[PDB]
Amino acid sequence: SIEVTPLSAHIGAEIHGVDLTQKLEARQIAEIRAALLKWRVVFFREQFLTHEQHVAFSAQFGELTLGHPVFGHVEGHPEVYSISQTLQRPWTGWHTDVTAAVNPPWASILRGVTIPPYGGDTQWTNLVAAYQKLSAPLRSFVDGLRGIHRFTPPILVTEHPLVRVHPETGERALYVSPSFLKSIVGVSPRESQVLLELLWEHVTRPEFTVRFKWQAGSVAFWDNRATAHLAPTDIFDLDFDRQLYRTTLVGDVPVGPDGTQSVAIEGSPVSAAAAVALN
Amino acid sequence: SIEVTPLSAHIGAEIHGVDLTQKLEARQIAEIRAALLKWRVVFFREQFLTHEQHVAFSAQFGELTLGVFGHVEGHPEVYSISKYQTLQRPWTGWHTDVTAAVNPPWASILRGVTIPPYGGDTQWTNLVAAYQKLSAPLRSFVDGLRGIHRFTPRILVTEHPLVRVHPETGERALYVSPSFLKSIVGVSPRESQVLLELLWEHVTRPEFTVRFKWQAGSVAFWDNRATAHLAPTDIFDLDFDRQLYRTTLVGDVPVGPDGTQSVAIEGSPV
Ligand code: NA
Ligand code: NA
């Protein structure tokens, strides 16, 4: 029986009592999965893993994505991605991974190998809590809306529901991936702009968020169907080296409250892997 | 010699190696004060203090303010922070202590006594870093501006500089206390509104902030001349009691880059 230590009112929890270098029992896997669904992102400490152990841990929860030939490439490990002026608004940098694709990954597992003594914190926000905190007329309104997500690698275009029904819990997530969601289908450009800024300001309210200060050996495991996250920018500032590795798990096509699946509009398989590797 | 452990690139540090139940020696006091000036807010863990010890620790750094509100029996210097629809913007709730007064307290010391297992985190933002990250034309513009801060519970109105020159470090702070600053003097209402929302969005950017998860016996000590902070809103959201106690230290009248002191408009000083 794992130990689960929540970190805020509704998002984030530490898990202790699990040795991630070892294969886990079925009960441990189910307990971790339930904690992840409940707290949206779960964290481990003092887990010093090889690439093989990181992949082996990940495969207990789903199918691993297979990477990009250049971006984040780790030799011998296609499943492992290496992680080593803008117009500034409250939602700048906040995103859900690869939502420009028709089947975004449902989860990611990020481990810290070389971690600075300070700087480089990551944040997550709870898109289910955010949906629920919209007023009832706003919820009914966005239930029926669709959004275009775009990404251009250094071109993916997908139409997603603005409200994603979680396939394991049935909860509704405000699926507004701010870095990638560009427009709301069927409304005017100004209507779309105003509504997106309203929802993006909403989802970044502190009551929906948790902040994580990394240490060497830390692991973050988050549910992309219910979260967006924010990468640090204070690292490009300090002298410290920073090396993390990420795996991600293949997800299904999102569905909105009316049952309509997401629709691919444009995109190459190569462009999708670049988004997985870079987002 | 104290141990200082920074918590972000430019704001927040934990201090270890000090027993706050005892009178500190002058070297320890000086080291804590330097760490406070450098990191804007400093934190202590596992410091289980009486009200008397809280006051005594505070008095080593300045003069205690003497505040029915938050009343603590036998200790007029200690304020009780007890658990017992607004318009939501990024700056909602962010503030610098009592800037509606002509002499806001220069520091506050907040200690946690009854602390929820989760929920109730506090955040601070670095107003000096925020000033410095404005572009040069924006810095020069706000250097010359004044703002009206108001509080009505008696009624306090004060004109402060928008840029406060720190009396000990000489640094410039973007002194925009979002809960209390209401208007910019000498510009139109719409100009004031737009510029305040610009600066308030700016000062709440995550690169300027630090978040602190309380535990029982934790202490936060912050420099109000260089910070604003944000209280948690999840308190009634959860069925956990939450009890903290606060002391504050008497501050001086702020000064802007041109040397102009703040001006009391209505009300009495701290
Ligand atoms: Na990402
Ligand atoms: Na306050």
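Note that these values count all heavy atoms, side chains included, but never hydrogens, waters or copies made by symmetry. When a ligand or atom number is given, it counts from 1 through the structure's own listing order. Chain letters run A, B, ... following the sequence lines, proteins first and then strands; every chain starts at 1.
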Which is the closest N/O/S atom of A:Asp97 when seen from the Na ion (ligand 1)? OD1

Test A:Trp124 against every option in A:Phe208, A:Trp94, A:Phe43, A:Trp39 by the ring-ring contact (aromatic ring centres under 6.0 Å, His included) rule and name the one that passes. A:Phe43

Does any N or O in the side chain of B:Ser58 come within less than 3.5 Å of the main-chain N or O of B:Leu249, such that one atom is a donor and the other an acceptor? no

For the Na ion (ligand 2), the closest N/O/S atom belonging to B:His229: NE2

Hey, does the side chain of A:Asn279 reach the backbone of A:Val98 with a donor-acceptor pair shorter than 3.5 angstrom? yes

Strictly under 3.0 Å, is the Na ion (ligand 1) approached by any N, O or S atom of A:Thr96? no

Consider only side-chain N and O atoms of B:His229 and B:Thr122, and report whether a donor and an acceptor are under 3.5 Å apart. no

